[PDB]
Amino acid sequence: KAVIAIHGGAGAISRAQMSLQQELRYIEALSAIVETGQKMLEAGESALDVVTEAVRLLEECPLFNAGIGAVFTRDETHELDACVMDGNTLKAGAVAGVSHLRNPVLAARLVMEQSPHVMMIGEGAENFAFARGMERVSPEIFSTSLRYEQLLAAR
């Protein structure tokens, strides 16, 4: 039977500090994304397309530390990583240290499909993606007041 699982991160998620309504925002976002994946699998979409779309949506979701809602580095910058692997072919693609790609998982899929490489980093990963028509963004698009406050608190 086709099946999907997703995560949005493991850590010290505190019940005492949450309201039910705050918890439900996360539950609703996870339910919406796993349901999108289930429907795609039911429709005969590939595991590779299902995991890419589920991760793009978790990136898009500002509640999760990937894409929009990315944590800040020491320098108040965003550096994003991602990987995708196809268990059939054992091909994989990955980017690390990218700041100007809205959807790291799509750039990781671009590395797998439009290069002979598994892993690209930094400015070269970005230039590879821009040469293939992927759009350049300002890392400011990832910034959320919630994650900026965790940085200020972290200091």
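Heads up: residue numbers just count along the shown sequence, starting at 1.
Asker: Which wins on mean Cα temperature factor, 67 to 75 or 80 to 88?
Answerer: Between 80 to 88 and 67 to 75, it is 67 to 75 that shows the higher mean C-alpha B-factor.
Asker: Comparing 12 to 20 with 134 to 142, which stretch shows the greater average C-alpha B-factor in the deposited entry?
Answerer: Taking the mean B-factor of the alpha carbons in each, 12 to 20 is higher.
Asker: Going by the deposited entry, which of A43, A107, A96, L58 has the highest CA temperature factor?
Answerer: Among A43, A107, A96, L58, the highest C-alpha B-factor in the entry belongs to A43.
Asker: Going by what the PDB entry lists, where does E35 fall on CA B-factor within its chain: lowest, middle or highest third?
Answerer: Ranked within chain, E35 CA B lands in the highest tercile.
Asker: For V3, return the chain-relative third of its C-alpha B-factor as stated in the PDB record: lowest, middle or highest.
Answerer: It belongs to the middle third of the chain when residues are ordered by C-alpha B-factor.
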